[PDB]
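We begin with a single chain expressed as structure tokens, specifically the form deposited in one PDB entry.
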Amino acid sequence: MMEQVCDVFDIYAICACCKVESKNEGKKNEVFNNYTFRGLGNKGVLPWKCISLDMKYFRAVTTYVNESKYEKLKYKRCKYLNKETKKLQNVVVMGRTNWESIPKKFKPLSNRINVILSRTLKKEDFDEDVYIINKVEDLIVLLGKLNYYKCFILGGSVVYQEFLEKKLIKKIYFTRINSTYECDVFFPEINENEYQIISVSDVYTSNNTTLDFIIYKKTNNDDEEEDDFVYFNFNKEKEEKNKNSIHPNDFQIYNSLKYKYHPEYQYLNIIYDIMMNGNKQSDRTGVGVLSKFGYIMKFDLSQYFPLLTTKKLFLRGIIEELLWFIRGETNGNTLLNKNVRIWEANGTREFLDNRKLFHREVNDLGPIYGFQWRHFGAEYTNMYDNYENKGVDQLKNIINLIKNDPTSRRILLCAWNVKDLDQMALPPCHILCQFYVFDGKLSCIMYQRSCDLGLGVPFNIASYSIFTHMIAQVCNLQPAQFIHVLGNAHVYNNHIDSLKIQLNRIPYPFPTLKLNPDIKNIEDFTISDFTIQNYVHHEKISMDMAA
């Protein structure tokens, strides 16, 4: 073989990039890609004030060392140099401009061997314990003479540019700051053919912005308790049911990722599990699906708003549906007048007649969600009736229980009214919501009996995450977790090709949801009280590509 310099001396690059203030030349239908995150700095300093989580991450990565692994690292390097043979520390290299941006109390960077690249400055110009080098090659010379774990290139742009340039980077620890700031310096555009993403972290919120961490890798080129594992799997199937009908070769990017910790993967992995292990069934006359039974997803609303990023989604419609529910409405015309067609097909003359609702007016969806939420138990008449003080106002009741009896285990909202089922345009999919309160934080579990993974679920996750935010707010609580329990989870065969494409896309840090803070009652929300900020997503996809 022919050892590569970056491999022998373990040279890595670590950075943090925000989005750049681009000029809206006429289309807000912005096209997003990895290059969306490229802002490095502005006016000699970072573009942002303080994002402490990234600092913590930066410090942890650049200071972490594994002494037990060094003995191996040393041998490799000496062998490479043909020179067969104080806590261990990592080396950090940075441009002069980067060095000058660091506050005096933080330089030199603690527990790290600091190296600075410069031409205009010499060792005499520095009081600190640091190594000065005037050219990339000197670093390689220095590294061959030092005892260190790993080497991290900290920037700036010029420094990144030349290192990536000479392919002296083994991996790029890239922090994606999902917010926009003014920038004058940028990270070099990464050659998609020279570097591939191999891992994505969980998403977090720090100093009013979400962010995640991804890793780019450079293109290709007791043991007795380990056998017990092999024995215990003596009775496993070599393959997966639909493997031959799906072909893993199609999920190259998806399978090539080592660490998939981004929350969106809970959704993506379920899609994958169903495609590979789902049972073939025939739900509605003709149409076919792949199905599984029993899944659970958890989204941390305090850290992000889980709006899928591997495809484009709009929320105006589902928000109006939600306000429609809250108003206790069952009149489909209200949504149609706002150009929301979610329920249009379930309210036609033909659809109603086939549900045996011959005496139901067009678009009168019957005692569905809204009616059940505000009047469960009342006798449904028509969509124009005034059901004031009729039935059980569940909504009002759960809000009251959350405010005065937070530890109660009976805080549930249920739409599955067994008596009214046949009067509904169709039985509800979202059976119930149960709330949980701890230390001023509100969590919600929603049980879905039937789940269309390809089309519905994406919207369903958003609907209830927003609802949890709304309920938390009017009860003076902070949103915590939104827990989605899936009963019959299916993938329509018509969606397969589209989901294959989606599964090979890498998620972007999630966006955030902002609610007008003045709203103190669940019934006072209007469409303009909701704001989805920093939504970065891939190209929209039609689940079924029929034409």
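Residues that one form lacks are left out of the comparison. Residues carry their position along the shown sequence, with the first being 1. Take the two forms, find the largest set of C-alpha atoms that superpose within 1.5 Å, and that set is the rigid core.
Separately, the form deposited in another entry exists; it is not shown, and the next lines address it.
Visitor: Considering only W416, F251, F126, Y181, single out the residue whose C-alpha is displaced by at least 2 Å between the shown form and the other one after superposing the rigid core.
Guide: The residue that shifts is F126.
Visitor: Tell me, please, whether between the shown form and the other one the C-alpha of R316 is shifted by 2 Å or more, with the rigid core used for superposition.
Guide: No, shifts by less than 2 Å.
Visitor: Is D439 among the residues whose Cα moves by 2 Å or more between the shown form and the other one after superposition of the rigid core?
Guide: False for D439: its C-alpha shift is below 2 Å.
Visitor: After fitting the rigid core, is the C-alpha of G26 off by 2 Å or more between the shown form and the other one?
Guide: Yes; that C-alpha moves by at least 2 Å between the shown form and the other one.
Visitor: Did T512 and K28 drift closer or farther in the other entry, going by a CA distance change of 3 angstroms or more?
Guide: Farther apart, by at least 3 Å.
Visitor: Did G26 and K338 drift closer or farther in the other entry, going by a CA distance change of 3 angstroms or more?
Guide: Farther, not closer.
Visitor: Sticking with residues common to both forms, list the runs of three or more in a row where every CA moves 2 angstroms or more between the shown form and the other one, core superposed.
Guide: Three-plus residue runs displaced between the shown form and the other one: 23 to 28, 124 to 129, 238 to 244.
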